[PDB]
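Shown here is one chain on its own, the form deposited in one PDB entry, set out as structure tokens.
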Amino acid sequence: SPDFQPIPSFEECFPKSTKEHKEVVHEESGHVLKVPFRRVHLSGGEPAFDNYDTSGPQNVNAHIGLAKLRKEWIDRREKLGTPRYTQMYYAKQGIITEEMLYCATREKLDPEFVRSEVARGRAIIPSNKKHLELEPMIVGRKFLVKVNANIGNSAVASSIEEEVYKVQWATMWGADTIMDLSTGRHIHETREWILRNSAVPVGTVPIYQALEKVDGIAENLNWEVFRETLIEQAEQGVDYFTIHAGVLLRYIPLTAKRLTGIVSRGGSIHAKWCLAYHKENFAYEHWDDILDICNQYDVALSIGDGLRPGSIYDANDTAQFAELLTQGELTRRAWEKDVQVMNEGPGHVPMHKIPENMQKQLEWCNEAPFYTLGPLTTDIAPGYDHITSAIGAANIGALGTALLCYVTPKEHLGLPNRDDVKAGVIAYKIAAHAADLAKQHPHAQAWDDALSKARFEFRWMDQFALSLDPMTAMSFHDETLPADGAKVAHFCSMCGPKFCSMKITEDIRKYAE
């Protein structure tokens, strides 16, 4: 029994907000779905503003875990009987599942549209039938751009208590998925506590634990070890697996002249094994067997980019695109077995090289959802790689990337702590939303408009309440003007009362009456 400690409350993080749920009925089953959202309560006759909410159920004892909200859905489908358990299988049969309706409601889009996007491979709903605690969400270019937060220990740092805190904290600030990338002690146990306490999808990179199972000797990996690890993780409820099946033996020499070589953790492990034996990647060789596992649980496959560029110098090189071509082949093969797929992308990429990345992925991978690590647009600022990569992530998101893997201020430096997790999630929520606006995604600008209206009207508390991080905005304002009266003042300390342009506009318009 770990010594779990609670994260700050929803109310402390989001003053004037309440957690709400929209109730809808899944017509085929009669199941009632409670789809979460938040409501920001405003002043001055403004209607309350409703926003997305990933924070999940609050104040739940981590020793007990979250309610198993999906239980009746899974039980009913098992009793009906089915050859495959994936959302893509159901979508292709013409079935709108509870998960699809839940996502449609959450996205304010039609359930049939969700079904269509899943059936055609252009969106995924990562939702292992063993992750009963999950509040379903959808990843795809036609939907809100989503953010992943990476957490997990290393052999050098952290603990079970701290990782559970970090999952709850990441989702509080807007993480849409998390991955447990633990490479230290207690891998299985850490992940069990996380899954039972995570309302968002949980991904892993199974080769990390496989390498642990063989005591860090990559040469002792093989398909059988890996297969056992896949089953173990699937049984716990992992919703998606990153698998570097595109790191082919013949692609490894393409990296010999790179400045930063192979920077992918899983990719480097596969490359070492391949070179040791001069054999083809065992995950590639056994792709069909991996698909058979995924079909029984609905584990989505996130096809890794083990040959992603780790420096600006290496961006968009032959190695990177050789792997992308193979990811497309693997994607099409997975779809033949109705397995949900997304593709992992770069990396360190300068801005002028970003469009080529999207163009090639959309074509070669038949519009499967893309999932990028940034990209970082420059190598010059370790300590600020949440900013160097927010630029790339926003750009590639605007071009169609569906899931943005965050990058924290600790990238290239060390394991992120709870503060770094928050900073990364905030930076990535900015990038994702900026991308939603650039895509003219329906109703995305309503958020900006509500905050800007509060800004123009000097409804300061409303402005703070509507923001991504209300207490930061409020505290920053109060550093110079802390008095209650200033929360209704028609200026702040930047310009002062006589130089505030919005107050001058106010008088300008008043005189125009």
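Only residues modelled in both forms are compared. Don't overthink the numbering: it's just position in the shown sequence, from 1. Throughout, rigid core stands for the largest set of C-alpha atoms superposing within 1.5 Å between the two forms.
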Selected stretch [higher average CA B-factor]: 185-193 or 280-288: 185-193
If you average the Cα B factors in the entry, which is higher, 271-279 or 146-154? 271-279
Member of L33, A446, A454, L66 with the greatest C-alpha B factor (per the PDB record): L66
Using the B-factor values recorded in the entry, state whether the Cα atom of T255 falls in the lowest, middle or highest third among the modelled residues of its chain. highest
Which third of the chain does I96 land in by C-alpha B-factor: lowest, middle or highest? highest
Ranked against its chain, the third holding the CA B-factor of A199: middle
Which third of the chain does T82 land in by C-alpha B-factor: lowest, middle or highest? highest
Can you tell me which third, lowest, middle or highest, the CA B-factor of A218 falls into for its chain? highest
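Not pictured, yet referred to below: the form deposited in another entry.
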Sole residue of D385, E99, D314, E163 shifting 2 angstroms or more in CA between the shown form and the other one, core aligned: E163
Threshold 2 Å Cα movement between the shown form and the other one at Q359, rigid core reference: no
Is there a C-alpha shift of 2 Å or more at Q296 between the shown form and the other one once the rigid core is superposed? no
Quick check: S154 between the shown form and the other one - does its CA shift reach 2 Å or more after fitting the rigid core? yes
Under comparison with the form shown, the C-alpha atoms of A157 and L66 in the other entry shift by 3 angstroms or more, placing them closer
Pin down for me whether the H63-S159 Cα distance shrinks or grows in the other entry relative to this form (closer or farther, change of 3 Å or more). closer
Report the moving segments between the shown form and the other one: consecutive residues, 3 or more per run, each with a CA shift of 2 Å or more after superposition on the core, given in sequence order. 154-163
